[PDB]
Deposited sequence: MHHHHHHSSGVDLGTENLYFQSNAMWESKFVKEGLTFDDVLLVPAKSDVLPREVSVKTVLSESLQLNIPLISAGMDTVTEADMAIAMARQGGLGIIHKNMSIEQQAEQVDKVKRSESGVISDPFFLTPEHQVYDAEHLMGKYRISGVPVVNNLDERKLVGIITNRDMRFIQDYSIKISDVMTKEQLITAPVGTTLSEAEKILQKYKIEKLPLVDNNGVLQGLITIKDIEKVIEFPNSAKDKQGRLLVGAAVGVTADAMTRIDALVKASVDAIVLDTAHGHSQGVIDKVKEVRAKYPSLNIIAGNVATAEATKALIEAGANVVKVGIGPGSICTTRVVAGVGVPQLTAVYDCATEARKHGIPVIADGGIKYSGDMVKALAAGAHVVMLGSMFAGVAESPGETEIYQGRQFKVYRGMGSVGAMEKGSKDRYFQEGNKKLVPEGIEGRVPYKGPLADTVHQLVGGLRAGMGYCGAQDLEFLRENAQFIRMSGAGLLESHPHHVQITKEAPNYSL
């Protein structure tokens, strides 16, 4: 009575899937050394990473310090949502203002503010000077209070007019760039360069640190104005939009609309809704494990699709619900769909060693997301303690993020050398795998 009414019944057991340990990458003809290989990857025009790594949006993984360390390495951190909306937008603000933060949109105080406000702004952003203007209306620059002024201030409750030295200031015009500022800073022997207009109105501030961080971290992943990229997690809930609004106002570069099952009508509706209010916002949506789910999220408006159901190290999804797809099959199936739209995928979960990362990228993902490999690095949230004669996060202490990133990227370049891939696109398009038994694993 119905065409192939028994089709769904008969296909129950047909699909097979492969995980990382089921395969190896086959060496191919290579003209390129691992060090000359390119690890850059573009998630979109406004998200351009210099290494294909994202730190997960978990409370044991990414807050502002992690997001800053990641972007400095060329990757992207995703600030977790296990805090209030204001706290999350503030975390975003700290990443965006870490460097090149106040060049076009400076903070400032009047002489009538207390030295407390200076300590607050310098503590909050880790910027060592606060411009001072005559009043909040004209905003004419009368001076600056710096970390060096604070050396001599005992009580902080006093007016800034009291403590402010009236000294000859060096200013530069609006539009002064970093490399120009570096010369002006070198010339007059100063660490701070307020930018003003023709009327003496403060438009901006450049610091020696804005210049030093460019040198210290040449691989930083930055926006068009030179500020570190940052993402932020958002749940699918009634208040998602309120949360997104505050993040966008804090100048977040991407939101991750994250849920256990991305293939639900609620998630699709939420992406449609966020896409409509914000045509240009980078929307990473997940989590999905099928070609059909990938197509639905893309057509709802997601521009990055996040892949993985069940592979996560601490996910009970497989044991409790019986649900999952082996991660390489999931990445490959989703990338097969997403390729047709020009849409990149993130491989989220189940990565143990750098080799797994190489495999995930070779199976078609543009980028991998790591929680557990990053949870013990120094910049992750949570305190250090010594307990077993061992330093711990309160999980084994891994040291600075940079050491872990360096090993991951080293592994990736090696893998790329073997596969003859000069860049990640060639790797996704061309790399071949060979399947092996469990005996082939040992």
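In this chain the deposited sequence has gaps in the coordinates at 1-17, 412-445, 494-511, listed in sequence order.
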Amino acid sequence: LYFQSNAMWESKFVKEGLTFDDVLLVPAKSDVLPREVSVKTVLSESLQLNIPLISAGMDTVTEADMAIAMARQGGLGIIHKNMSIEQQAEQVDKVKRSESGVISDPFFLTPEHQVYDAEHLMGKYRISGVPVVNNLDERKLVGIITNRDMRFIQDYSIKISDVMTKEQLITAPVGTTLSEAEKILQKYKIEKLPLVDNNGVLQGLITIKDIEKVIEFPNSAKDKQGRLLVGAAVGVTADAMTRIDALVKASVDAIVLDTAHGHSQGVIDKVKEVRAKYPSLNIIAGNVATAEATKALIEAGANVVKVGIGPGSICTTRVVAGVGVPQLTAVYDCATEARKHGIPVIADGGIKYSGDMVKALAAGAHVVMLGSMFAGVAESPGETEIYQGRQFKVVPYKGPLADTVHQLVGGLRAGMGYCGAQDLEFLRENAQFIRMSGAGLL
From here on, numbers count along this sequence of modelled residues.
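Mean C-alpha B-factor is higher over 200-208 than over the other stretch, the pair under comparison being 347-355 and 200-208. According to the PDB record, 155-163 carries the higher mean C-alpha B-factor of the two stretches 126-134 and 155-163.
Of all the options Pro111, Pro194, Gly74, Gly231, the entry's greatest CA B-factor is assigned to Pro111. Taking only the listed residues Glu292, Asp117, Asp105, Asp245, the entry reports the highest CA temperature factor at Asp117.
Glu273 sits in the middle third of its chain by CA B factor, as recorded in the PDB entry. Annotation for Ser179: CA B-factor lies in the highest third of the chain's modelled residues. Per the PDB record, residue ranking by Cα B-factor puts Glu99 in the middle third of the chain. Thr329 sits in the lowest third of its chain by CA B factor, as recorded in the PDB entry.
In this PDB entry, the Cα temperature factor of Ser280 sits in the middle third of its chain's modelled residues.
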